[PDB]
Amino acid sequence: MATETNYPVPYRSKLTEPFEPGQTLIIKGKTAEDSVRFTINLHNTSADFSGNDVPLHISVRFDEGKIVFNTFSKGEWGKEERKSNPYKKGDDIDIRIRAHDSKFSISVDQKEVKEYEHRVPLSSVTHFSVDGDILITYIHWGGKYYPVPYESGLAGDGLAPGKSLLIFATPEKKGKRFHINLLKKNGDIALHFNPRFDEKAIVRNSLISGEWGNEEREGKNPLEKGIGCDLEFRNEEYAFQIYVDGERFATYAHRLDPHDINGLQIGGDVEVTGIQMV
């Protein structure tokens, strides 16, 4: 154990609606120097029964030093498939499971490590559970296949100080660049976030009355082609606090009045797997 707090294990959650292609289940947590193993299961059952089908069973083993995947159905287990466990007892874990129509794609530390073909119906997944030697710190399931170029409005209040836009994406393996625009009602871009792997920098700028501003770079670019990332545009009183994978990558002084940031555009060489306003 460690602390009661959020998601105490054994953790069990009954999905609102079945798990569908395009959706991702994100599980983050902490382990101890004596942690031996923990499991993540996509379960089948009514409400509390359990013990039925397990379309996908994931076992992270610190003793064996492996992450083992399998399926349980019709009262029996199939043949296990293994990958190396990159984690040592202690240090945090970050495992994400994205469903597709023919397989589950599992990433560890945002790096794709396994493609597990469906052995039983994905639609039979009605619950998911986490248990074992792990202290869960974050769980989230959602997203969809976001078409890119992407464009949509932001709530009614939009992105305002005190709020943050969370975007989960993966820069394309052979991508050169992509961008994310936070816009105003008239088309002006309050913030243009533009990673350029060719120039090894992330350009930040504003588009006011059809004109691009100064342009702020400097940072080193913490993004990498083919690796998943968590972008957070934390809107504050005096500036946007741009967080990349949990670390503050940059601050961007507001050039346009905050408030009323009602638009979002995403384009370029990137795959988007999650968008949320928190």
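Basically, rigid core = biggest C-alpha set you can superpose within 1.5 Å across the two forms. The first residue of the sequence shown is number 1, and the count goes up from there.
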Quiz item: Between 43 to 51 and 22 to 30, where do the CA atoms move more in 5 other deposited structures of this protein, taking the root mean square over the structures and residues after a core fit?
Solution: 43 to 51
Practice problem: May I ask you to compare 75 to 83 and 197 to 205 by their mean CA B factor in the entry and name the higher one? | Solution: 197 to 205
Quiz item: Between 133 to 141 and 99 to 107, which has the larger average Cα B-factor in the PDB entry?
Solution: 133 to 141
Self-check item: Top residue by Cα temperature factor, when 270, 264, 256, 25 are compared in the entry
Solution: 256
Quiz item: Whose C-alpha has the highest temperature factor in the PDB entry: 91, 117, 151, 94?
Solution: 91
Practice problem: Would you mind checking where the Cα B-factor of residue 192 ranks among the modelled residues of its chain, as the lowest, middle or highest third? | Solution: lowest
Quiz item: If you rank the chain by CA B-factor, which third does residue 156 end up in: lowest, middle or highest?
Solution: highest
Exercise. Pull the Cα B-factor of residue 228 out of the PDB entry and bin it into the chain's lowest, middle or highest third.
Key: lowest
Exercise. Could you tell me which third, lowest, middle or highest, the C-alpha B-factor of residue 36 occupies within its chain?
Key: middle
Practice problem: Please place residue 49 in the lowest, middle or highest third of its chain by C-alpha B factor as given in the entry. | Solution: highest
